[PDB]
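**Q** Need the 3D shape of this:
(chains A and B, ligands or ions: 3)
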There are 2 protein chains.
Amino acid sequence: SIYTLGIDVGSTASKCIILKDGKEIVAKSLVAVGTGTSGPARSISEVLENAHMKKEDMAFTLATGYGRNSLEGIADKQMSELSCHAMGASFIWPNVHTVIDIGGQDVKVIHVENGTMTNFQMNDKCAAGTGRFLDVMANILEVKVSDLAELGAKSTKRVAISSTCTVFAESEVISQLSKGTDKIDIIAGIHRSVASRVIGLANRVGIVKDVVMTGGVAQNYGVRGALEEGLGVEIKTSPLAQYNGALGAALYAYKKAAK
Amino acid sequence: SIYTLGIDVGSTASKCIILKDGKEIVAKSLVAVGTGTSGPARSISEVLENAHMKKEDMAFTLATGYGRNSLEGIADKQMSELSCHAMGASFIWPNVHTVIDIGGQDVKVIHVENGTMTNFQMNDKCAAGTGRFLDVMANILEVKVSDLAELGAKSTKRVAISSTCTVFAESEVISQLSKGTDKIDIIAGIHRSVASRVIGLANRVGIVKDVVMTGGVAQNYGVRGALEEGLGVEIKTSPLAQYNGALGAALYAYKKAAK
Ligand SMILES: Nc1ncnc2c1ncn2[C@@H]1O[C@H](COP(=O)(O)OP(=O)(O)O)[C@@H](O)[C@H]1O
Ligand SMILES: Nc1ncnc2c1ncn2[C@@H]1O[C@H](COP(=O)(O)OP(=O)(O)O)[C@@H](O)[C@H]1O
Ligand code: SF4
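**A** Numbering: from 1, shown residues only, chains lettered A, B, ... in the order given. Ligands and ions are numbered 1, 2, ... in the order given. For reference, the structure is listed below:
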């Protein structure tokens, strides 16, 4: 009976979630964020449509993300991206305590307790370990970022990328091609390279029980598997992975719409 | 009467120096890293020719640089790049105490005392502040790395690049173009951006009196000027700037050839 709207406006995309009584997801949406493109707005329409409801049907609207204020007038209230991820993770996995969120342009590991963000470490300046790292690599390899996972899974040889930087690592990848190294192998290498950076931030926080991966890159099971190897613990993820930030907002909305 | 050979084999180029009695430069050479694995070799021939002498005439040969361990057989002893720069700087500027060396793929600030490396700070992992940063920018701007200095000198408006990263700053530059911002201005901005990183390392060491800029990027007076503004002290440089590492090797050679 009470419908709420969670809006996660990131730097790459804008995700939306609408849930009934804060217990079930009725609809979600995702729209690329282009300059001028007005995609966060579009995504809102997208959800409302998918759900067959009007903005006036939402009890409370909560926005989060990089441009969580670009639609200030839309959201009743805005909230930290760390908070929503913690809240959302908790809705999907009750025993979460550690949340690894990789999105374009940034990474962040969050320690969660009672759907809240206890502590966290995040990278906002280095393109390394971000989905942007994976883009720059998929381009040189001439492959689709959403294929990397599938390809790297075929690797038979370990190929390391000693360069920590995206720029230097780019040359490495180019050079590994000059040596006739297979792409499948270079990819699995790029994945461990990303895992390595995440693991780097990860340790300043500590991997607690029931680790979950969130964000768009979450889909890349190549990357996630590289993470399980590094941290040596199960890394969980679900289809809703990239809609976590939004899901968190919707949960905080339904909460604000009860107090 | 005693001729020595200094060979600085970098990642970008291979420089060579030959001096008589460790007091005067008789000849120098510079050869890129074209595909072949004989550019360092080629440069040696180049110098010997320019000088009109043969490898035998060289009393002692000392190699330095990224591929130092590659001239084992050609050279007689190898030495730290920090040491040669300090030694070489001292030969060019007696009162040096601080040496800023920007080359492709790395930056490093050296404190010098009696032709020796007292302390130093260096960047080897981040492409930011390196000549590689300038490359990635010259490409997007569609200009020649050796023109940047000349162009930026015409800027009339200050345009900042808030991004510290080469990858993110790359997009910025692209975006500053979308806003119709002049290249001349974007360049001067890129220069200060580089200066900022150098100054970053610089402070962990301390700018002492008589600062000198070394390395290929040394030529870029756009960059060097950005450095004088930041540190607020004179930054010296000479034509031999990029041959400093080699010059240092030749000086250590003539020294080894006297003890
Ligand atoms: N199928 C896929 N496989 C791999 N990566 C993907 C896939 N779909 C999206 N991604 C990526 O995951 C990231 C998700 O970004 P996201 O978290 O939505 O961005 P932001 O934090 O800016 O909102 C991007 O780098 C995007 O390209
Ligand atoms: N005329 C020039 N103007 C600006 N930059 C230059 C010029 N000539 C060379 N450079 C650059 O200066 C740097 C010199 O690199 P160098 O110190 O020789 O490399 P390495 O440290 O790998 O041996 C490179 O980034 C190169 O492109
Ligand atoms: S290490 Fe590379 S990817 Fe990271 S901030 Fe530096 S230039 Fe950017």
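
**Q** Confirm for me that residue A:80 is in contact with residue A:66.
**A** No. Judged on CB atoms under 8 Å, residue A:80 makes no contact with residue A:66 at a distance of 11.5 Å. Yep, even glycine has a C-beta here, placed from its N, CA and C like the rest.

**Q** Neighbour count for the two, which is higher?
**A** residue A:66 (19 against 14; other CB atoms under 10 Å in any protein chain shown).

**Q** How far away from the center of its chain is stretch A:156-167?
**A** 23 Å (CA atoms, centre = their mean, to the nearest Å).

**Q** likewise stretch A:171-190?
**A** Worked out by CA atoms, centre = their mean, stretch A:171-190 lies 26 Å from the chain centre.

**Q** for chain A, longest helix please?
**A** Taking DSSP state H as the criterion, chain A has its longest helix at helix A:183-203.

**Q** just the helices in the stretch 51-200 of chain A please.
**A** Under the criterion DSSP state H, counting those that start in this stretch, the stretch 51-200 of chain A carries helices at the ranges A:81-92, A:131-140, A:148-152, A:166-178, A:183-203.

**Q** and ligand 2, which of those helices is closest to it?
**A** helix A:166-178 (12.1 Å; CB to the nearest ligand atom).

**Q** Chain B versus the spatially most central residue of chain A, what's the distance?
**A** Using CA atoms, centre = their mean, the residue of chain A that lies closest to the mean C-alpha position is residue A:215, 1.1 Å off. In this view, residue A:215 and chain B are 18 Å apart by CB to the nearest CB, to the nearest Å.

**Q** Assess the claim that that residue and residue A:243 are in contact.
**A** No. Between residue A:215 and residue A:243 there is no contact under CB under 8 Å: 10.2 Å.

**Q** Report the contact partners of the residue in the stretch 151-259 of chain A that ligand 3 sits nearest to.
**A** Ligand 3 sits closest to residue A:165 of the stretch 151-259 of chain A, with a gap of 3.2 Å, by CB to the nearest ligand atom. Contacts for residue A:165 (CB atoms under 8 Å, 6 or more residues apart in numbering or on different chains) come out as A:126, A:128, B:125, B:126, B:127.

**Q** what's the closest non-adjacent residue to it?
**A** Closest residue to residue A:165 apart from its sequence neighbours, by CB to CB, 6 or more residues apart in numbering or on different chains: residue B:127 at 5.2 Å.

**Q** separation between the one you found and residue B:241?
**A** Residue B:127 sits 21 Å away from residue B:241, taking CB to CB, to the nearest Å as the criterion.

**Q** who has more neighbours, the two?
**A** Set residue B:127 next to residue B:241 and count neighbours by other CB under 10 Å: residue B:127 wins out with 26 against 23.

**Q** From residue A:100, how far off is that one?
**A** Distance, residue B:127 to residue A:100, by CB to CB: 25 Å.

**Q** cool, and residue A:174?
**A** Taking CB to CB, one finds residue A:174 at 29 Å from residue A:100.

**Q** These two: which is more packed in?
**A** Neighbours per residue, other CB under 10 Å: of residue A:174 and residue A:100, the larger number sits with residue A:100, 31 against 12.

**Q** Please verify my assumption that the more buried one contacts residue A:199.
**A** No. At 9.4 Å, residue A:100 does not count as touching residue A:199 under the criterion of CB under 8 Å.

**Q** Overlap in contacts, these two.
**A** residue A:227.

**Q** So what's the residue count around the residue of chain A at minimum distance from ligand 1?
**A** For chain A and ligand 1, the shortest gap (CB to the nearest ligand atom) falls at residue A:10, measuring 1.4 Å. Residue A:10 has 25 neighbours, counted by other CB under 10 Å.

**Q** In space, what's closest to it - neighbours in sequence excluded?
**A** The shortest distance from residue A:10 to any non-neighbouring residue, by CB to CB, 6+ apart, is to residue A:65 (4.9 Å).

**Q** So the residue of the stretch 151-259 of chain A closest to ligand 3 versus residue A:11, what's the distance?
**A** Using CB to CB, one obtains 20 Å as the distance from residue A:165 to residue A:11.

**Q** And residue A:184, by the same measure?
**A** Distance of residue A:184 to residue A:11, given as CB to CB: 30 Å.

**Q** For the residue of chain A positioned farthest from its centre, grab phi and psi.
**A** In chain A, counting by CA atoms, centre = their mean, residue A:179 sits farthest out from the average C-alpha position, at 34.0 Å. Phi and psi for residue A:179, reported as degrees, to the nearest 10, are phi -90, psi 10.

**Q** which residues touch residue A:55?
**A** By CB under 8 Å, 6+ apart, the neighbours of residue A:55 are A:5, A:44, A:48, A:61.

**Q** With secondary structure and neighbour count as added columns, please give those residues in JSON lines.
**A** Below are the contacts of residue A:55 laid out as JSON lines (DSSP: H, G, I helix; E, B strand; the rest coil; neighbours: other CB atoms under 10 Å in any protein chain shown):
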{"residue": "A:5", "secondary structure": "strand", "neighbour count": "30"}
{"residue": "A:44", "secondary structure": "helix", "neighbour count": "25"}
{"residue": "A:48", "secondary structure": "helix", "neighbour count": "20"}
{"residue": "A:61", "secondary structure": "strand", "neighbour count": "23"}
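
**Q** The residues you listed: which two are farthest apart?
**A** Spatial extent of the contacts of residue A:55 (CB to CB) is set by the pair A:48 and A:61 at 10.8 Å.

**Q** quick revisit: just checking, what packs against the longest helix of chain A?
**A** strand A:98-103, strand A:106-113, strand A:116-123, helix A:131-140, helix A:148-152, helix A:166-178, helix A:221-231 (3 or more CB pairs under 8 Å, 6 or more residues apart in numbering or on different chains; DSSP states H and E).

**Q** Please identify the most buried of those.
**A** Among the helices and strands packed on helix A:183-203, the stretch with the highest mean neighbour count (mean count of other CB atoms under 10 Å in any protein chain shown) is strand A:98-103, at a mean of 28.

**Q** Each with direction, which strands does it pair with?
**A** Strand A:98-103 sits in its sheet next to strand A:106-113 (antiparallel), strand A:211-214 (parallel), going by DSSP bridges.

**Q** Pull out the C-alpha coordinates of the first one and format them as PDB.
**A** Same thing as strand A:106-113. What follows is strand A:106-113 as a C-alpha-only set of coordinates in PDB (Å, rounded to 0.1, in the frame of the first residue of the first chain):
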ATOM      1  CA  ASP A 106      35.300   5.100  -8.200                       C
ATOM      2  CA  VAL A 107      35.500   2.100  -5.800                       C
ATOM      3  CA  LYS A 108      34.600   1.700  -2.200                       C
ATOM      4  CA  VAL A 109      34.500  -1.000   0.400                       C
ATOM      5  CA  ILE A 110      31.900  -0.700   3.200                       C
ATOM      6  CA  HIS A 111      31.700  -2.400   6.600                       C
ATOM      7  CA  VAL A 112      28.000  -2.900   7.500                       C
ATOM      8  CA  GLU A 113      26.300  -3.400  10.800                       C
END
